[PDB]
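# Tertiary structure, described
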Protein chains: 2
Amino acid sequence: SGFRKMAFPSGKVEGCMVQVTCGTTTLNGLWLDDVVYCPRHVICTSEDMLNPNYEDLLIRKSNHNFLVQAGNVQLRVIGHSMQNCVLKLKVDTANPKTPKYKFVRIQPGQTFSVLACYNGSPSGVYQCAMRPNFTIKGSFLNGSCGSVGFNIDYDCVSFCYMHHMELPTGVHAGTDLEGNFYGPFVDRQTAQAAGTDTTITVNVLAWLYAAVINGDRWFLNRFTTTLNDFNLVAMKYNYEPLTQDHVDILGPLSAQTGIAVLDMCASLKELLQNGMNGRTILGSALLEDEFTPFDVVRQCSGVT
Amino acid sequence: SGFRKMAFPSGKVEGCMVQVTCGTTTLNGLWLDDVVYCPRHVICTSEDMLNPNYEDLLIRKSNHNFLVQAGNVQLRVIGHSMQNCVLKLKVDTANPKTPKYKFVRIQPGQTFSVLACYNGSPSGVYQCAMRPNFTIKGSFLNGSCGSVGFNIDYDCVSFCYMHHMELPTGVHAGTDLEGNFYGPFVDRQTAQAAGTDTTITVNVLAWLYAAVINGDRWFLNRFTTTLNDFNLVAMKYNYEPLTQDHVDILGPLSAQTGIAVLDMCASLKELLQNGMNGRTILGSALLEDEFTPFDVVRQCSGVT
Ligand SMILES: Cc1ccncc1NC(=O)Cc1cccc(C2CC2)c1
Ligand SMILES: Cc1ccncc1NC(=O)Cc1cccc(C2CC2)c1
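In terms of determination method and resolution, the entry is listed under X-ray crystallography at 1.610 Å.

Rendered as C-alpha cells:
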C-alpha cells in the first residue's frame, strides 16, 4: 500500500565518498578500488572558471597537490590523469568498502538516486531523473560537486552521474563516470541555457499504473486512443512522443492491471486536456514523470 | 539551488537490518548491540491476527523458535521478552555495525526517513512525516514490518518508528522503539479508521520559505495577517492551528529571507483561499507539508 519517491539504500555509496582538495577548492570524490574520481574543476580557482584551460592548469599540479581524505584519514596519491571532465587520482590503497560496480551512461527519462555530499560527507539521498534536456532537477549547494547518481541491482552499484555544476536557471548538469557531460554543457562559468524540459510520457503512464494498483482510479475513463492520436496531444503539451518501445516496456504493468496501454494513454489525454479539476493522484496535483516503468514494478513488488 | 524531498543517508541503518522468522512468519528486525527489536506480531499466524492474545501466544515460543539471520549468518537467541508491541530478542553477539543511537518518540508533524526492508534486506529509502492523526503515508508491502524510521544528527541515529501495519485505508501505523503505537492503533486485524488528516501548517510555511530561498516567489503578496485571523482560515481548510511556538521555530527562516512570519502566513492564507491558479511551487501543484523548519534549514545549509 502507498507509493513514494523512493531512493536506493545509500550505504554502498556512502562507503566510497571522500573529500578532494586542490589548492583552495574542496569537493567530493568517489573512491573505487585504488582510484578516486572527481570533477576536474577541483583544479580551478573562481577566477579560472570563466574560461579555464584544464590541460594548462593541470600541468602546474603534481600528485602531492591533490589532498584526498577518507573520513579522517589521508590517502596517498600516486598518479593523476584527466579523462574528459573528470580527474582520476590513483591512490596507494584500494577502498576496502568498494562495492561491485559498473559505470553506465544513462538515457534521458531514466531515474537514479543522488547521494548529496559536502566535504566527503553524506548529507542526504533523493531520487532524480535525467531530464530530456539532459539536466537534473537536484538539490545541490556549493561544495556538492563530485556527489554521484547511481542505481543498484541486488549487490551491483551502477554509477551514472557525477555532479559538476548549476546553470544560471537553478538546474543541474554533470557527467557520467567517464567524465562526459550529459547534454551540451561545458564545465565553464558561461551562458548555458537549457533546452525544452519536456515531460517523460512513458514515466507518467507508469505512475498512472502505480496509481491504479494503489487504488487511485478516478481518472480511468471509458475511452481509448491510438499512438498517433495520443502523440498529437503529447506534442501540444510538451510531452515526449510515445513509441511502441515505450508501449512494450509498459506491458507488465498493463498485464498486472488489465488496463491496455492505449486505454491508459486515453486517460492521460483527458488529464492533459481537462486537468485534475482540483483532484490528486498518489498525493500529487500534477502528473509525475520521475518514476520509470521499472521503478513502478520494483516498488510495487518489493525488490531488495 | 533546488529543493528535494531528501532522506538521511541510510548506511548506518542498513547495517542494523536483520530478518526474523517465527514459525511461518518472516519480518524485519533491528539489531542494535546484542538485542534484535521486531514487531511482536511475528509470533502470529494470519488466523491469530483477528484477536490475538500476545501473552498467551508468546508462552508457546522458546528462544530457539526465533530465527534471526543477519545477511547470510544466523544469530543465536539467548533471551526474549515482550515490551509493549515489540519483541526484544537477546542475541549472543553485539552487532559490530551498531551506530551511536537513541530511541525517540516523535511528535505529529515531525519528519523522518524510512528504510523499507523485506527479509532483512533494504529495498529503498524515503522521507515521511508523522501525520497529525498518527498515521504515516508510507510505501510498504507484506513483509515490510519491522522496517524503521529514523533521523540522524551527525553520527547519532535516533530511531523513531517501527512499521507494524497497514490500515484498510492504505495508510500506515506503527510504534516507537519501546513498542508503543503512535495514535490509538492496536496490532490487531480489526476496524481501525484514522481521524482527520490535517495539514501541518508550520511545515507548509517552512516549505514556502524554502521556495523563496530557491527563487519561487510568485505567491508573495502585499498582505499581512494576525495569528488569530490566520487560524480562522487554517481551521476552515483543515490546517493545524499555528501557535507562537511555531512562529518562533520559523524565526531563522524569517531572518534569512527578511519575510516576517505573519506576512508569509498572509501569502499562505491567499493560497488557501484562491488556490495555485494552475501554477507550481518548488515543482509541486499543492502545498507541501512534509518538510519541517529544521529540514528546510538543514537542506538549505548543507548539514552532513
Ligand atoms: C554553487 C553550486 C551549486 C550547486 N551545484 C554546484 C555548484 N557549484 C558550481 O557550479 C561551481 C562552478 C561555478 C561556475 C562554473 C562551474 C563549472 C566547472 C563546472 C562550476
Ligand atoms: C500487508 C501489509 C502491507 C503494508 N504494511 C504492512 C502489511 N502487513 C500487515 O499489516 C500484516 C498485518 C495484518 C493484519 C493485522 C496486523 C496487525 C498486527 C499489526 C498486521
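### Points about the overall build of chain A
Along its length, chain A carries eight helices and 13 strands. The C-alpha atoms of chain A give a radius of gyration of 21 Å, which matches the 19 Å a tight globule of 304 residues would have. When its C-alpha atoms are laid out on the principal axes, chain A stretches across 70 × 40 × 30 Å. Here chain A holds 304 residues, and the buried ones make up 55% of them. Relative to all contacts within chain A whose residues are 6 or more apart in sequence, the contacts with residues 24 or more apart total 64%. Working note: accessible area of chain A is about 12,800 Å², and carbon and sulfur atoms make up 49% of it. Computing the positive centroid from 22 side-chain charges and the negative centroid from 26, chain A places the two 3 Å apart.

### Some points on the interface of chain A and chain B
Every contact between the two is made by 42 residues of chain A and, on the other side, 42 residues of chain B. Summed over both partners, the interface of chain A with chain B comes to about 3,000 Å²; 53% of that surface belongs to carbon and sulfur atoms. Considering only the surface of chain A that becomes buried against chain B, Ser1, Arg4 and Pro9 of chain A emerge as the three largest contributors, covering 24% of it. At the junction of chain A and chain B, the tally comes to two salt bridges. We note a salt bridge from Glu290 of chain B to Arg4 of chain A, for which the minimum N-O separation is 2.9 Å. Elements that contribute at least two residues to the side of chain A that touches chain B include exactly α1 (11–14), β9 (111–118), β10 (121–129) and α8 (293–301) of chain A. Along the lines of polarity and charge, the residues of the side of chain A that touches chain B split into 17 nonpolar, 19 polar and six charged.

### Some words on the relation of the copies chain A and chain B
Rotating chain A by 180 degrees and moving it 0.0 Å along the rotation axis overlays it on chain B with an RMSD of 0.0 Å. The transformation relating the two chain copies, once decomposed into turn and shift, fits a two-fold axis. Of the C-alpha atoms belonging to chain A, the one lying closest to the rotation axis is found on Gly11 of chain A, 1.8 Å away. Interface overlap between copies is the fraction of interface residues in one copy that are interface residues in the other; for chain A against chain B it reaches 100%, indicating a shared surface.

### Here's the deal with the pattern of salt bridges
Residues and elements named next belong to chain A. Tallied over the full model, the rule gives 22 salt bridges over all chains. Linking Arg76 and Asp92 is a salt bridge whose minimum nitrogen-to-oxygen distance equals 3.8 Å. Remark: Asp92 occurs in the loop between β7 (86–91) and β8 (100–103) and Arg76 occurs in the loop between β5 (73–75) and β6 (77–83); sequence separation between them is 16 residues. With relative accessibility at 58%, the residue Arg76 sits in the exposed group. Judged by relative accessible area, which is 45%, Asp92 ranks as partly exposed.

### Here's the deal with the site of ligand 2
The immediate surroundings of ligand 2 are formed by 16 residues, with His41, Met49, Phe140, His163 and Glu166 of chain B found nearest. Residue neighbours of ligand 2 fall on chains A and B, so the site bridges chains. Within the side chain of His163 of chain B, a nitrogen or oxygen atom sits 2.9 Å from a nitrogen atom of ligand 2. In this structure, an oxygen atom belonging to ligand 2 sits 3.3 Å away from a main-chain N or O atom of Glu166 of chain B.

### Describing the packing of aromatic side chains
The description of an aromatic ring pair rests on the distance of the ring centres and on the angle between the ring planes. All chains considered together, the criterion is met by 18 aromatic pairs over all chains. Judged by centre distance (6.1 Å) and plane angle (70 degrees), the rings of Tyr126 of chain A and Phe140 of chain A are edge-to-face. Of this pair, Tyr126 of chain A sits in strand β10 while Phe140 of chain A is found in the loop between β10 and β11 (148–153), placing the two residues 14 residues apart along the sequence. According to the relative accessible area criterion, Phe140 of chain A is buried, its value standing at 3%. Seen in terms of ring centroids, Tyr161 of chain B and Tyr182 of chain B are 6.5 Å apart; in terms of plane orientation they differ by 25 degrees. Their pairing is stacked. Here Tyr161 of chain B, found in strand β12 (residues 156–166), pairs with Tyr182 of chain B, found in the loop between β13 (172–175) and α3 (201–213); they are 21 residues apart in sequence, far enough to count as distant. Each member of the pair, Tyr161 of chain B together with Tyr182 of chain B, is buried. Counting every residue linked through ring pairs, the aromatic cluster contains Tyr37, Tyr101, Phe103 and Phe159 of chain A. It is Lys5 of chain B that lies over the ring of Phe291 of chain B; its NZ or CZ is 5.2 Å from the centre. The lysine or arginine in question, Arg279 of chain B, covers the ring of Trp218 of chain B, its NZ or CZ lying 4.3 Å from the ring centre.

### A short note on the nonpolar core
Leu30 and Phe159 of chain A together with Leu30 and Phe159 of chain B are the most contacted members of the largest nonpolar core, which has 40 residues in total. Contact partners of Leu30 of chain A, with chain neighbours within four places excluded, come to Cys16, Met17, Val18, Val35, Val36, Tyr37, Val148, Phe159, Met162 and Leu177 of chain A.

### Remarks on the environment of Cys265 of chain B
Residues and elements named next belong to chain B. Position of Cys265 relative to the elements: it lies in helix α7 (residues 261–274). For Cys265 and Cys44, which are 221 residues apart along the polypeptide, the C-alpha to C-alpha distance reads 49 Å. Residue contacts for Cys265: discarding those within four places in its chain leaves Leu205, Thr225, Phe230 and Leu242.

### A word on the site of ligand 1
Around ligand 1 sit 16 residues, and of these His41, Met49, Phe140, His163 and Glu166 of chain A come closest. Proximal residues around ligand 1 fall on chains A and B, making this an inter-chain site. In the environment of ligand 1, a nitrogen atom lies 2.9 Å from a nitrogen or oxygen atom belonging to the side chain of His163 of chain A. A distance of 3.3 Å is found between an oxygen atom of ligand 1 and a backbone nitrogen or oxygen belonging to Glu166 of chain A. In the complex, 85% of the free accessible area of ligand 1, which totals 480 Å², lies under the protein chains. A total of four residues in the shell around ligand 1 trace back to one element, the largest contributor, which is strand β12 (residues 156–166) of chain A.

### A short note on the sheet that holds strand β3 (residues 35–39) of chain B
Backbone hydrogen bonds are what pair the strands of a sheet, in a parallel or an antiparallel way. Residues and elements named next belong to chain B. Strand order in this open sheet of seven strands is β5-β4-β1-β2-β3-β7-β6, and the pairing throughout is antiparallel. Looking at strand neighbours, the two that pair on one side only are β5 (73–75) and β6 (77–83), the edges of this open sheet. For this sheet the average axis-to-axis angle between neighbouring strands, irrespective of direction, equals 30 degrees. Sheet topology places β6 next to strand β7 (residues 86–91); six bridges connect them, and they run antiparallel. Along β7, the bridge assignment pairs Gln83 with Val86.

Conventions we followed
Chain by chain, residues are numbered from 1 following the written sequence, and this numbering need not agree with the entry; no residue without coordinates is displayed. Key to labels: chains lettered from A, ligands numbered from 1, both in the order written. In computing side-chain properties, one takes all heavy atoms of the structure into account and sets aside hydrogens as well as water. In DSSP terms, a helix is any run of H or I states spanning at least four residues, a strand is any run of E spanning at least two, and both are numbered starting from the N terminus. For the radius of gyration, the atoms used are the C-alpha atoms, and the globule rule reads 2.2 Å times the number of residues raised to 0.38. Think of it in three bands: with a 1.4 Å probe and only protein chains considered, a residue is buried below 20% of the maximum accessible area for its type, exposed above 50%, and partly exposed in between. Throughout, a contact is declared for two residues whenever any of their heavy atoms are within 4.5 Å. We get accessible surface area from the Shrake-Rupley algorithm with a probe of 1.4 Å; when it comes to residues, only the shown protein chains can shield them. Here the positive residues are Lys and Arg and the negative ones are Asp and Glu; neither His nor the chain ends is included. Note on charges: their place is set at NZ of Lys, CZ of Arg, CG of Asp or CD of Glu. Put simply, buried area is the surface a 1.4 Å probe can reach on two separate parts but cannot reach once they are joined, added for both. Salt bridge, as applied in this entry: a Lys or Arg side-chain nitrogen positioned within 4 Å of an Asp or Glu carboxyl oxygen. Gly counts as polar in this scheme, as do all residues outside two lists: the nonpolar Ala, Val, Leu, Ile, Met, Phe, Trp, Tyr, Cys and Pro, and the charged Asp, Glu, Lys and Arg. Copies superposed on C-alpha atoms by least squares. Here a residue is considered near a molecule or strand provided that any single heavy atom belonging to it is located within 4 Å of it. Pairs of N or O atoms are called polar contacts if they sit within 3.5 Å, as long as, within protein, a hydrogen donor faces a hydrogen acceptor (for residues adjacent in sequence, only side-chain-to-side-chain pairs). Side-chain rings of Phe, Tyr and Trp, where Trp is taken by its six-membered ring, are said to pair if the distance between their centres is within 6.5 Å; with planes under 30 degrees apart they count as stacked, over 60 as edge-to-face, and otherwise as tilted. Over a ring means this: the NZ of a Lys or the CZ of an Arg is within 6 Å of the ring centre and within 35 degrees of the ring normal. In plain words, nonpolar cores are sets of buried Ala, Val, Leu, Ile, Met, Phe, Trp, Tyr and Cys residues tied together by side-chain atoms within 4.5 Å. When DSSP finds two or more bridges between two strands, those strands count as paired. Each axis is a line fitted through C-alpha atoms, and for a helix only the stretch in contact is used; angles between axes span 0 to 180 degrees, taken between their N-to-C directions.

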